[PDB]
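Novice: Residue numbers (PDB author numbering), protein chains in the order written: chain A, 1 to 273; chain B, 3 to 124.
For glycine and all other residues, C-beta sits at the position ideal for the given N, C-alpha and C.
First, the structure itself, so that you have it in front of you.
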């Protein structure tokens, strides 16, 4: 629900609606809406082989982009936070009078990141940030920048505990401009840099995600954002412990996610002796 | 069935994705035949595989895993450490408390913290 097409799509697609792929011929029966946004609508859908999450849009370009992001995750030599990719196709929706494109991916459920760490304890926060950094390293090496990286898009499945991303909409090719962002997690909002899609943009967001995970709320910038963030980090026992990684991510010291991961591992090692 | 043997064999797959899936699967199945293969996977090159093996060993509850899990408290990866600490808690019992008692005495760092906090909660 942002443009006329997607909003009309949203009103059009109902539980019980079937969508059949034009090229591959798979049928998906919508069960319930999971999510709604500029990049498309996400449904729980049933197939002959079980259930999937199905993302539908009028924008074939963004669907193709997201498919290639999921395929990039799937090429990793290790597990990653991304859902598995199953299928992508076009379809005609007579009721909404529009051609659409869609993809099917792994349906994953679990508590949001903030819920998980509230329940299981703050010690899990740097642990899950390290998993996140490992996955971002995979994406970055494939030329993709997550961009709109934020806690509402991260769940923790398990056991064993695994951070997962539930939507890759707005992932952007390196070098291009990030246009999908959330102020609290955005380098530009805080006055710390540009919205160029590069690894350091994502790392700034990771720092802000860790801050949100500890502080349990977002807040607006003040006239002195750098002192504002410095004060919050230094005044909290857990954030203080990881201040080298957090300050370096805020300040743009890193060129790669692996560098931030190393500093987080080192801070953890010190305590773990 | 032959799934258990497939997953035990899959712990020797070249792909960490496959080894990880197998370790977790064996933990859910809960069969005892998986214990020694999973103890070996505690030394996997891949941290996700090690984490899955640690969880799976705690889930099975076979005390053959107690000393391997205590060694996993020294793992470089913090997901593995927390998961191993959690696994020892899941296994529980007097032998674990016995080991924690020793660990709280002659241990250091995280492993010591785990021992000390285990003893305080029992």
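Mind checking which residues open and close the beta strand (DSSP E) that includes residue 28(A)?
Specialist: Run containing residue 28(A): 27-37, per the beta strand (DSSP E) assignment.
Novice: May I ask you to report which of helix, strand or coil DSSP gives residue 96(B)?
Specialist: Residue 96(B): helix per DSSP, three-state reduction.
Novice: Report the neighbours of residue 275(A) on chain B: residues whose CB is nearer than 7 angstroms to its CB, in chain order.
Specialist: Residue coverage of chain A in this structure runs from 1 to 273, which leaves residue 275(A) outside it and unanswerable.
Novice: Let me know if residue 112(B) comes out buried or exposed under the rule of 16 or more other beta-carbons within 10 Å of its beta-carbon.
Specialist: The residue in question, residue 112(B), is buried, as its Cβ has 16 or more Cβ neighbours within 10 Å.
Novice: Thinking C-alpha only, which one of 80(A), 100(A), 124(A), 245(A) is nearest residue 80(B)?
Specialist: The residue with the shortest Cα to Cα distance from residue 80(B) is 124(A).
Novice: How is residue 215(A) classed by DSSP in three states: helix, strand or coil?
Specialist: If DSSP states are grouped into helix, strand and coil, residue 215(A) belongs with the helices.
Novice: Closest Cβ-Cβ distance between residue 78(A) and chain B: below 7 angstroms?
Specialist: Interface residue, yes.
Novice: In chain A, which residues lie with their C-beta within 8 angstroms of the C-beta of residue 3(B)?
Specialist: Residues of chain A passing the Cβ test: none, with the nearest at roughly 20 angstroms.
Novice: Rounded to a whole number of angstroms, what is the C-alpha to C-alpha distance between residue 39(A) and residue 56(B)?
Specialist: The straight-line gap from Cα to Cα measures roughly 39 angstroms.
Novice: Count the other CB atoms, across all protein chains shown, that sit within 10 Å of the CB of residue 143(A); report buried if there are 16 or more and exposed otherwise.
Specialist: Under this definition residue 143(A) is an exposed residue.
Novice: Can you give the beta carbon distance from residue 206(A) to residue 132(A), rounded, assuming they're within the 8 angstroms contact cut?
Specialist: The pair is a contact, with the Cβ atoms about 6 angstroms apart (cut-off 8 angstroms).
Novice: From the DSSP output, in three-state form, read off residue 84(A) for me.
Specialist: Three-state result, residue 84(A): coil.
Novice: What's the call for residue 171(A), buried or exposed, on a 16-neighbour Cβ count within 10 Å?
Specialist: Per the 10 Å Cβ criterion, buried.
Novice: Taking DSSP as the reference, what is the three-state secondary structure of residue 175(A)?
Specialist: Three-state DSSP puts residue 175(A) in coil, outside helix and strand.
Novice: Quick check on the burial criterion: 16 or more other C-beta atoms within 10 angstroms. Buried or exposed for residue 22(A)?
Specialist: The residue is exposed, with fewer than 16 neighbouring Cβ atoms inside 10 Å.
Novice: Is it buried or exposed, residue 219(A), if we count other Cβ atoms within 10 angstroms and call 16 or more buried?
Specialist: The residue is exposed, with fewer than 16 neighbouring Cβ atoms inside 10 Å.
Novice: I need the straight-line Cα distance from residue 115(A) to residue 154(A), nearest angstrom please.
Specialist: Computed Cα separation, rounded: 10 angstroms.
Novice: Is there a C-beta anywhere in chain A that falls below 7 angstroms from the one on residue 94(B)?
Specialist: No, residue 94(B) does not count as interfacial toward chain A.
Novice: Look at the alpha carbon of residue 60(A) and the alpha carbon of residue 103(A), and state the distance between them as a whole number of angstroms.
Specialist: So the alpha carbons of these two residues sit roughly 10 angstroms apart.
Novice: Counting only Cβ pairs nearer than 8 angstroms, list the residues of chain B close to residue 123(A).
Specialist: Ordered by position in chain B, the residues that pass the 8 angstroms Cβ test against residue 123(A) are 84.
Novice: For chain A, is any of its Cβ atoms less than 7 angstroms away from the one on residue 50(B)?
Specialist: Chain A contact via Cβ: present.
Novice: With a threshold of 7 angstroms between beta-carbons, can residue 110(A) be considered close to chain B, or not?
Specialist: Closer than 7 angstroms: no.
Novice: Count the CB pairs spanning the segment 54-72 of chain A and the segment 1-20 of chain A that are closer than 8 angstroms, and state whether there are at least three.
Specialist: Contact between the segment 54-72 of chain A and the segment 1-20 of chain A is present, because at least three Cβ pairs lie under 8 angstroms.
Novice: How is residue 144(A) classed by DSSP in three states: helix, strand or coil?
Specialist: Three-state DSSP puts residue 144(A) in a strand.
Novice: For residue 165(A), count neighbouring Cβ atoms within 10 angstroms of its own Cβ and tell me buried if that reaches 16, exposed if not.
Specialist: Counting Cβ neighbours within 10 Å, residue 165(A) comes out buried, since at least 16 surround it.
Novice: Would you give the residue range spanned by the beta strand (DSSP E) that residue 98(A) belongs to?
Specialist: Residues 98-105.
Novice: Less than 7 angstroms between the C-beta atoms of residue 39(B) and residue 13(B), yes or no?
Specialist: Yes.
Novice: Checking contacts by CB at 7 angstroms: is residue 268(A) closer than that to chain E?
Specialist: Looking for chain E here will not work: the only protein chains present are A and B.
Novice: By the criterion of Cβ-Cβ separation under 7 angstroms, what are the contact partners of residue 272(A) in chain B?
Specialist: Residues of chain B passing the Cβ test: 83, 111, 112.
Novice: What is the DSSP secondary structure of residue 163(A), counted as helix, strand or coil?
Specialist: Of the three classes helix, strand and coil, the one that applies to residue 163(A) here is strand, per DSSP.
Novice: Under 7 angstroms between beta-carbons, which chain A residues line up against residue 19(B)? List them in chain order, please.
Specialist: Within chain A, the residues near residue 19(B) are 78, 79.
Novice: Could you spell out where the beta strand (DSSP E) holding residue 45(A) opens and where it closes?
Specialist: It spans 40-47 - the beta strand (DSSP E) in which residue 45(A) sits, taken as one unbroken run.
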